[PDB]
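Presented below is the structure to which this report refers.
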Amino acid sequence: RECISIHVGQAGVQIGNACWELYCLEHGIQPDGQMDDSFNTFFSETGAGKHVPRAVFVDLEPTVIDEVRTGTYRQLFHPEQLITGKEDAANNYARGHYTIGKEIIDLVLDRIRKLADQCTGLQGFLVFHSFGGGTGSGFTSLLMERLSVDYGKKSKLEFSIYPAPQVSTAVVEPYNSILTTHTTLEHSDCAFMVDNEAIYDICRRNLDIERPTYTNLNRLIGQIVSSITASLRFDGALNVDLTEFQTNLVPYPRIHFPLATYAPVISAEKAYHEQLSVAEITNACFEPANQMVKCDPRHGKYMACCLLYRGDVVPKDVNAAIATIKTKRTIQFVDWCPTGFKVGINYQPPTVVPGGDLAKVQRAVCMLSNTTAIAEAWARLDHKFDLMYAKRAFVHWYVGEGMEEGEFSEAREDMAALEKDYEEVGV
Amino acid sequence: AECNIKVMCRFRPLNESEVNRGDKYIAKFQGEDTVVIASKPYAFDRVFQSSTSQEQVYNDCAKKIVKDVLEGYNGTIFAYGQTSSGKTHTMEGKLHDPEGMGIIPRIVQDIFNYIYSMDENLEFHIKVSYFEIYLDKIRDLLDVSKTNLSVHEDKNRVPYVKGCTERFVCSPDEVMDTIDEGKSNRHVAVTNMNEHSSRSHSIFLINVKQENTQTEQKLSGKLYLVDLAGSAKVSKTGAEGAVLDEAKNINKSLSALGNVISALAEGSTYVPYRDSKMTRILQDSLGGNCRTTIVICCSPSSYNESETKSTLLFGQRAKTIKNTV
Amino acid sequence: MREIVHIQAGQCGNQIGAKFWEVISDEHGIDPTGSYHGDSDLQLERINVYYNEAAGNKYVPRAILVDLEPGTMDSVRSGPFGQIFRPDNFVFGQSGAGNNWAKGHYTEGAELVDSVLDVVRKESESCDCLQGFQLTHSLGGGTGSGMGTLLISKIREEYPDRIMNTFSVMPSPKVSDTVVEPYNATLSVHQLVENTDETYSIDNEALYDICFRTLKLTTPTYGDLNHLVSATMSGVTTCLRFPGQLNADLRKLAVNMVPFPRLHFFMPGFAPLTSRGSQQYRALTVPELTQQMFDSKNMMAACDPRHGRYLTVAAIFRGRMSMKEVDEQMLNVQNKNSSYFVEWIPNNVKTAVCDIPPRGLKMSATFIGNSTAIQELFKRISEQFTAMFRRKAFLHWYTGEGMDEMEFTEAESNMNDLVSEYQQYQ
Amino acid sequence: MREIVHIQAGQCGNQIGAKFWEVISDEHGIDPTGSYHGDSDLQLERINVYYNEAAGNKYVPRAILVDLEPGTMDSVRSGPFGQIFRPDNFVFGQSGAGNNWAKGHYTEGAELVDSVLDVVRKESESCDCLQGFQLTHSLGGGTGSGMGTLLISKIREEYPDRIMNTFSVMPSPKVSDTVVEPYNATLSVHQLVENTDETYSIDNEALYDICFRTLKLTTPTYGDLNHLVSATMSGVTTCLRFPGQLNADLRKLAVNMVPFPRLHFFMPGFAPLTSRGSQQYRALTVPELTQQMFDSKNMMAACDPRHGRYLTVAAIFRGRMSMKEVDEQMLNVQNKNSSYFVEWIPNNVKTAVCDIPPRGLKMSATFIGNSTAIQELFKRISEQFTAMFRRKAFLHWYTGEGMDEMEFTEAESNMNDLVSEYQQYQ
Ligand SMILES: Nc1nc2c(ncn2[C@@H]2O[C@H](COP(=O)(O)CP(=O)(O)OP(=O)(O)O)[C@@H](O)[C@H]2O)c(=O)[nH]1
Ligand SMILES: Nc1nc2c(ncn2[C@@H]2O[C@H](COP(=O)(O)CP(=O)(O)OP(=O)(O)O)[C@@H](O)[C@H]2O)c(=O)[nH]1
Ligand SMILES: Nc1nc2c(ncn2[C@@H]2O[C@H](COP(=O)(O)OP(=O)(O)OP(=O)(O)O)[C@@H](O)[C@H]2O)c(=O)[nH]1
Ligand SMILES: Nc1ncnc2c1ncn2[C@@H]1O[C@H](COP(=O)(O)OP(=O)(O)OP(=O)(O)O)[C@@H](O)[C@H]1O
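Protein chains in written order, with UniProt numbering: chain A, 2 to 36, 46 to 437; chain B, 5 to 329; chain C, 1 to 426; chain D, 1 to 426.
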């Protein structure tokens with residue numbers, strides 16, 4: 002019951018800085034790399059009293075891969091896993107895919123094969139990237155093509171980071187987001203999305219962090235990925251493996267875009283002045299104020315909702331909680347999936363990061379939802395791309411890499427064909 | 005005074021790699037002017053169907069430009085489309101055979117055969133050069149030493165190529181020798197989609213300085229016979245190594261040609277001819293006193309349907325443009 | 001590892017270049033003798049991107065200091081930091097350019113640029129993987145304008161893929177220190193727009209304006225102006241010199257700041273720029289830096305940005321700071337001031353933040369901006385050009401070096417075309 | 001959080017403004033250096049409403065000190081509290097107004113107000129939510145009268161919802177310190193009544209009268225008068241600066257003190273105003289303060305309230321005190337003195353009490369009053385205006401700045417209309 006991870010781009014490796022911080026903390030694994047069957051999913055034993063992740067960090071720019079090599083997590087990570095490039099993709103989908111992409115995939119794809127044969131219970135994959143720069147967009151679509159044709163049958167958990175609706179770190183990333191989604195549609199088995207201003211807004215309102223940096227964001231993002239894989243790492247009343255997400259949330263093979271959320275997002279001082287049970291955290295995860303993307307669920311409908319709980323949670327009260335969700339009319343499921351609910355329970359609760367921002371709670375929920383609410387984000391992301399594409403803005407960089415007018419049109423009609431499915435299933 | 009830029013279309017037969025793959029013959033024609041692709045008519049001035057020959061295309065496409073450019077105006081003929089479509093076949097072909105050869109040597113024979121029909125006192129000073137754009141460098145084809153020429157404006161601010169080996173020719177047989185010398189010097193690599201993949205934008209200029217000894221009215225006609233490269237998707241071609249760097253400057257120029265065509269078609273302000281050096285020498289063709297006619301060679305296969313339909317959008321967007329002749 | 005070969009040409013380019021090495025050497029804690037004495041080990045991480053390791057823990061910059069007047073090298077050599085440079089890099093002629101573009105481009109620098117090109121090859125082949133060429137020159141005079149564009153042509157010829165970075169100090173009619181300014185400027189930009197990918201249009205008139213209004217200096221020497229221009233050079237390369245929450249390479253700045261290949265003429269800025277009196281009466285918070293960055297008067301070019309619109313801007317921040325407050329300020333400066341931003345681009349801002357501020361200061365920022373208002377610098381230079389060119393004054397001194405009148409015509413057409421295209425997207 | 005941007009214009013407005021910052025800084029326990037050293041933490045609660053936080057636990061007031069004479073800023077800068085202000089806020093010309101309304105409004109201040117408006121935008125956008133603009137100016141002279149009303153027009157134009165608070169120091173014929181008093185006064189109030197929502201009509205004649213009768217001072221300097229006017233400014237804003245049993249915002253004062261939009265000309269007061277000898281012979285109880293508040297001679301305007309009637313009055317109290325004794329005194333002062341209160345309004349009194357008295361004093365109060373008797377200040381100014389306007393004396397100095405005679409006619413009509421409407425509700 003293993004699952005190997007890869008981390009592409011600045012956003013991916015920055016997630017790995019905090020995501021593996023809480024994985025090794027949950028299993029008592031110090032940064033030195035030592036202190046039974048729980049840690050085998052994400053840590054392999056090396057001889058006697060030592061552990062190594064099944065992790066790969068790739069970034070064509072050498073800026074932050076070496077930062078881990080000189081940071082505090084030097085002994086934990088095997089130094090050959092920390093793969094680095096020579097020059098930067100520089101916010102170009104084509105540069106990370108054809109020029110600089112094609113010089114290092116021969117190293118990392120065959121290295122990912124090495125971890126496969128080292129493992130036996132490889133369930134699937136979980137990649138970490140963003141649609142902002144060329145690394146997270148170009149190199150992943152290149153690698154996903156060669157990883158899909160290599161294995162195919164195995165699953166892939168895509169934890170992408172959108173560009174926000176109005177907030178944004180760059181100008182060219184609509185070209186990156188529309189081009190990487192043209193290839194990611196037919197390859198990724200599950201596409202989990204994250205937004206920038208939403209997670210800024212969540213910790214400001216609920217957690218009361220008025221001035222967060224990116225390291226504060228990646229703590230709870232790793233908690234979200236840690237929650238879905240906690241059922242594999244620990245025992246519970248009703249465990250769910252990675253294969254449940256493909257069978258429960260993907261009604262059709264093209265609409266495979268869930269939405270992640272987490273609760274209770276509560277600070278240290280508010281935990282004492284607020285009681286936590288399954289009912290209020292369940293209703294807290296469905297409201298738009300706590301969704302990880304800037305899309306309101308009332309505009310659309312929930313096709314499916316996988317509720318993954320942690321900590322001491324009995325199995326009879328969850329049935330009462332989901333009953334209140336079904337009768338509440340502000341959120342409504344589709345008629346084609348009336349029993350749109352899956353429950354998962356784990357006895358081991360979440361762990362608090364030392365020096366972090368989140369507070370320790372006896373129970374927590376990590377709810378995944380496949381819905382039509384993401385079609386609004388696709389439309390406004392596709393709409394803003396049309397103004398730059400109409401004037402041929404920033405096209406001379408991509409076609410200078412080797413592309414042409416054609417694949418931009420294929421990326422446009424593919425997005426319309428994707429939205430053609432969302433308006434179809436929204437009936 | 006003012007004329008319309010003449011857009012035409014041509015299709016080849018399905019090649020060996022296309023019929024072996026089992027590509028469907030999606031080409032459907034409603035007359036000799038419109039083609040129906042994906043249930044959409046794409047209108048052109050003359051749609052040369054798949055069964056057309058070399059002589060059939062030349063008699064309707066570039067037969068009129070011989071008389072236009074020798075009247076005193078300038079001409080420009082140039083092919084567009086993805087790789088393996090037949091741009092090198094339609095323009096050059098095989099110059100030894102009368103039937104297999106393309107539009108370029110037929111233009112050569114028609115001008116000289118036309119001039120012999122004229123009176124002896126009509127003097128004709130015909131100088132010809134041949135050069136290409138390779139890695140964004142103006143590589144001369146009739147000369148090897150000159151690596152990169154410089155773009156210069158004429159007396160009335162119109163861009164030309166300075167230092168080009170404008171060889172004064174006398175007979176048409178000498179012109180065929182110049183093309184064979186330049187055809188060998190053209191950078192042509194091998195690819196799975198196109199074995200004869202022209203990796204450069206070859207321009208073959210015919211400057212016919214013509215003046216009558218009796219009337220003394222001097223005239224000049226520039227005829228730019230250009231053969232562009234193909235807009236090659238790297239996924240289909242698999243360009244790696246040196247040819248990958250060639251694909252950069254090729255699609256950069258073709259996209260830049262798409263930029264000025266998209267800029268001029270909408271009636272924009274600037275029309276960036278200075279975006280690329282390929283667009284510079286075409287500035288007299290696009291926004292000058294030339295009766296520019298353009299054909300596009302398109303592949304009829306459904307495998308290349310994406311790049312094919314984009315060629316038609318480039319064509320129909322170019323249809324709304326009018327030249328100030 | 002994304003190395004950078006530095007070029008300095010002309011008296012102004014050598015002066016801003018000389019002070020530029022003074023600033024970043026203090027950022028890395030490098031002695032004037034070249035020995036490293038920095039406190040933090042992160043300074044020695046990416047020290048290779050501007051220096052080369054030598055024996056005895058000594059370092060030497062990859063600075064190719066070019067000129068035609070030997071007196072400029074003596075001032076740099078006798079300066080506080082002259083001893084750190086390699087003595088071999090000082091390639092210099094005997095006779096000055098005399099403020100003639102054609103001399104440095106055809107006769108004086110054409111024989112010297114062949115010797116300089118071998119040194120560029122020496123520093124490039126010693127690199128692991130060079131990213132771009134950081135050049136510093138003024139368009140006033142003959143050395144920086146004429147020989148500099150010639151040197152850019154050869155490097156662009158041999159390296160058609162690297163990032164050709166230039167800092168073109170171009171003056172205005174408000175400060176006309178030389179009668180031959182338009183011919184030096186109009187002919188230099190004829191080569192820059194065709195070859196280069198970055199052109200930081202800095203003006204002396206704006207630079208003096210900073211010293212009086214926001215810096216509040218009584219006697220601004222040229223060295224005070226060199227300190228400000230050096231701050232912009234250290235700001236744009238701060239991402240690829242230290243770890244940061246968002247590391248944007250110069251290629252990653254060029255991809256966002258260049259929506260079309262010719263539209264690569266920028267307008268730099270820097271903050272906090274506080275006087276000695278206003279030090280304690282100013283908060284170091286992030287919104288205070290942002291309002292000083294986008295201040296119309298705090299631009300280092302004569303063109304006010306309110307007269308046009310930004311195609312795309314960048315803000316390279318330095319020091320520890322929350323990303324959320326940076327994103328809100330990048331958000332707010334396009335909501336209310338949407339008239340100063342073109343709306344056919346949805347998001348005109350680029351962000352970046354390093355985890356190491358400047359030495360002595362707690363926080364800092366650096367601005368890049370490609371505005372449609374910048375065309376008036378080219379418009380007024382064309383007015384000065386056509387004013388002197390209509391009667392052909394002082395053109396015969398260019399004919400002696402083989403330069404023809406058509407080259408002035410081709411430069412003016414390419415100059416005027418540059419004015420029209422910024423007027424299109426305004 | 002209901003922030004307040006402060007404006008100071010003219011010599012008198014800068015003097016009362018300079019002493020105003022002296023008083024409230026001592027209420028908050030703020031050093032002249034700006035560092036906070038207060039005993040109670042409640043002083044630092046709403047410190048943002050007049051100050052901005054700075055590094056090193058330093059604070060700076062949001063004081064935009066405007067003038068046309070640079071000598072006024074030197075006196076404020078060299079004063080006991082000049083070092084706390086930001087040096088950037090001191091926007092000032094070179095030549096004084098010369099006691100001409102048209103100079104400051106059209107020629108002298110019109111070029112300077114554009115620079116001042118950018119500083120108003122700087123302090124406003126840094127705020128969270130500004131409530132109103134607290135302006136201080138005298139209607140005598142050209143700077144406060146002419147440039148001040150121009151500045152009020154631009155701020156009222158950009159901010160048509162905020163509370164435009166002004167403290168118009170208007171003299172009487174009993175103290176005629178300038179021959180051009182009526183033209184400066186008549187033209188200034190032409191703009192104030194159309195734009196502003198508060199006009200605290202303070203008179204120098206009444207201010208000197210306080211010093212002799214109830215304060216019993218031998219040599220009342222202007223600084224003694226500035227201490228009294230500062231007490232009124234600190235009194236009206238005491239609700240929104242500290243916790244209180246009834247917190248009335250300036251909008252909550254404007255809603256009660258303005259029964260019709262033009263009737264917004266007030267008459268301030270303050271108590272306890274005791275001499276040095278009468279300190280021990282006076283009880284600090286609440287009824288003793290109330291009789292001093294409503295005392296006809298203890299008003300800061302030349303118009304006695306007995307000659308007319310109060311439309312609506314307010315009493316902002318300070319310090320610990322029972323609400324019942326306050327309500328009885330507010331009740332009793334309208335029962336027996338009902339002739340001095342219009343009865344078509346049932347209750348003409350507004351009450352408010354803070355839980356923090358002034359520094360050094362145990363209890364205090366502050367009076368606001370919109371009386372029909374206030375019209376005689378406008379009547380006598382109209383008599384002086386028509387006396388000089390009937391033969392058009394000294395009008396030609398206003399024609400040089402483009403001001404026409406019809407603008408004097410429009411001001412006089414709006415002036416005389418203001419006199420008639422207070423006569424209506426008398
Ligand atoms: N901000 C600064 N500007 C300078 C400085 N020195 C010169 N300049 C400005 O740049 C203008 C021209 O630049 P240069 O001094 O380098 C003339 P150059 O050396 O290139 O030619 P020659 O000296 O004739 O060989 C010049 O007129 C000044 O306006 C300086 O130290 N700092
Ligand atoms: N209660 C006080 N009244 C003052 C003070 N200074 C002046 N005044 C009175 O206000 C009257 C006019 O106000 P100003 O002194 O400000 C004249 P202003 O500066 O606005 O114009 P110019 O000085 O001509 O530029 C003036 O005649 C005095 O009666 C003061 O410090 N305190
Ligand atoms: N939530 C979150 N987003 C991040 C983080 N780091 C980067 N991002 C986002 O990732 C986007 C771009 O990601 P990348 O593709 O990795 O950018 P890059 O690696 O610097 O690409 P280059 O410019 O070519 O070097 C940015 O727009 C950010 O908004 C992070 O730590 N947390
Ligand atoms: N109409 C046609 N009939 C028969 N054969 C053709 C035709 N068009 C092309 N071919 C075949 O294709 C081969 C090469 O095609 P060609 O080089 O003309 O493609 P291209 O479009 O010129 O490529 P490039 O992108 O280099 O311009 C020729 O050798 C020829 O046999």
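In this text, a Cβ means the ideal position worked out from N, Cα and C, and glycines have one as well.
Does DSSP put residue i in a helix, a strand or coil?
i         : result
C:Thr-366 : strand
D:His-6   : strand
D:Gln-43  : coil
D:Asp-67  : strand
A:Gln-91  : coil
A:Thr-191 : helix
Can you tell me where the alpha helix (DSSP H) holding residue i begins and where it ends?
i         : result
D:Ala-55  : Here D:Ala-55 belongs to no alpha helix (DSSP H), and DSSP marks it neither H nor E.
A:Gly-412 : From DSSP, A:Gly-412 is part of no alpha helix (DSSP H); its letter is neither H nor E.
A:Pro-261 : Careful: A:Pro-261 lies outside any alpha helix (DSSP H) and carries neither H nor E.
B:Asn-255 : 246–269
D:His-396 : 396–399
State the start and end residues of the unbroken beta strand (DSSP E) segment that holds residue i.
i         : result
A:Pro-63  : 61–63
A:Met-313 : 312–321
Going by alpha carbons, who is nearest to residue i out of the options?
i         : options                                       : result
B:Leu-317 : B:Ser-202, B:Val-212, B:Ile-300 and B:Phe-208 : B:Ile-300
B:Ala-31  : B:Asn-24, B:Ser-204, B:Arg-16 and B:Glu-20    : B:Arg-16
Checklist entry - Going along the segment 7–31 of chain C in order, which residues come within less than 9 Å of chain D, judged by CB to CB distance? => result Within the segment 7–31 of chain C, no residue places its CB atom closer than 9 Å to a CB of chain D.
Next on the checklist: Along the segment 243–273 of chain C, where does the CB come closer than 8 Å to a CB of chain B? Name the residues.
Outcome noted: Residues of the segment 243–273 of chain C that bring their beta carbon within less than 8 Å of a beta carbon in chain B comprise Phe-260, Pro-261 and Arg-262, in sequence order.
Next on the checklist: Would you call the segment 402–420 of chain A in contact with the segment 175–195 of chain A, where contact means no fewer than 3 C-beta pairs closer than 8 Å?
Outcome noted: Contact holds: three or more Cβ-Cβ distances are below 8 Å.
Checklist entry - Looking at C-beta atoms only, is the number of pairs between the segment 297–317 of chain C and the segment 387–405 of chain C that lie closer than 8 Å three or more? => result By the criterion of at least three beta-carbon pairs nearer than 8 Å, the segment 297–317 of chain C is not in contact with the segment 387–405 of chain C.
Item to check | Three or more C-beta pairs below 8 Å linking the segment 167–179 of chain C and the segment 136–151 of chain C | outcome: Yes, they touch.
Item to check | At least three beta-carbon pairs within less than 8 Å, the segment 108–122 of chain C to the segment 145–161 of chain C | outcome: Yes, the segment 108–122 of chain C touches the segment 145–161 of chain C.
Next on the checklist: Quick test of the definition: if touching needs 3 or more C-beta pairs under 8 Å, does the segment 338–358 of chain D touch the segment 251–259 of chain D?
Outcome noted: The segment 338–358 of chain D is in contact with the segment 251–259 of chain D.
Checklist entry - Which of the residues in the segment 307–326 of chain C, read from start to end, lie with their CB under 7 Å from any CB of chain A? => result Those would be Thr-312, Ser-322, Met-323, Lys-324 and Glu-325, in chain order.
Checklist entry - Would you say the segment 186–196 of chain A touches the segment 149–158 of chain A, given that touching needs at least three Cβ pairs under 8 Å? => result Contact holds: three or more Cβ-Cβ distances are below 8 Å.
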